[PDB]
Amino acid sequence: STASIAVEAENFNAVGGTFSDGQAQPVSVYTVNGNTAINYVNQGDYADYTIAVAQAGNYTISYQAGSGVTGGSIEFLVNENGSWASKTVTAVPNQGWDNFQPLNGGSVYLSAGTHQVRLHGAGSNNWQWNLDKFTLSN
C-alpha cells in the first residue's frame, strides 16, 4: 500500500488571488539554487493541482517550503463535488524565503481516482510562503 506522489509546485494548473503584487500572474515561478518554486504568494492566493492517485490511503503531506515572515500558513484543500474541503493548515517556519525546509503538512485521505487539490495562503500575513514542491506519502 506504499506510495509516493511528488508534485512540483511550479506545475499548478491555475493560480488565483486578489492581493496586488504587480506581477503578470497572482503567483509567480522562480528558481534559486537549481530549485524551481512558486513565490509572490500573498494572503488569499492559491494554486490548484490535479492529482491522480492509483492507491487509496491516508497520505502524509510534506512540503519543501520557506517563508521570510511570521504568519504564513499553507492550507491544503480538496474540491469535493464542487465544494472546497479544508484538510490541513500548516504554519510555515520563518527561516528565509529561499531556505526550503521539509515541513510536515499532516495527513489527507485520498481515494483511488483523480483529485483537485488547492494550496491556499491561509495565514494572517500579507506575504505567505514560497514552495518548491510537495509530496503525498503512503
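Note that residue numbering begins at 1 and tracks the sequence as displayed.
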- request: Could you settle it for me: does 118-126 or 11-19 have the higher average Cα B factor in the PDB entry?
  value: 11-19
message: Regarding 104-112 and 27-35, which shows the higher C-alpha temperature factor on average in the entry?
response: 27-35
query: Looking at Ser67, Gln64, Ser83, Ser73, which has the biggest Cα B factor in the entry?
result: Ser83
Out of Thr90, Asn99, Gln43, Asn94, residue topping the C-alpha B-factor column of the entry: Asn99
message: Can you tell me whether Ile5 has a C-alpha B-factor in the lowest, middle or highest third compared with the other modelled residues of the same chain?
response: highest
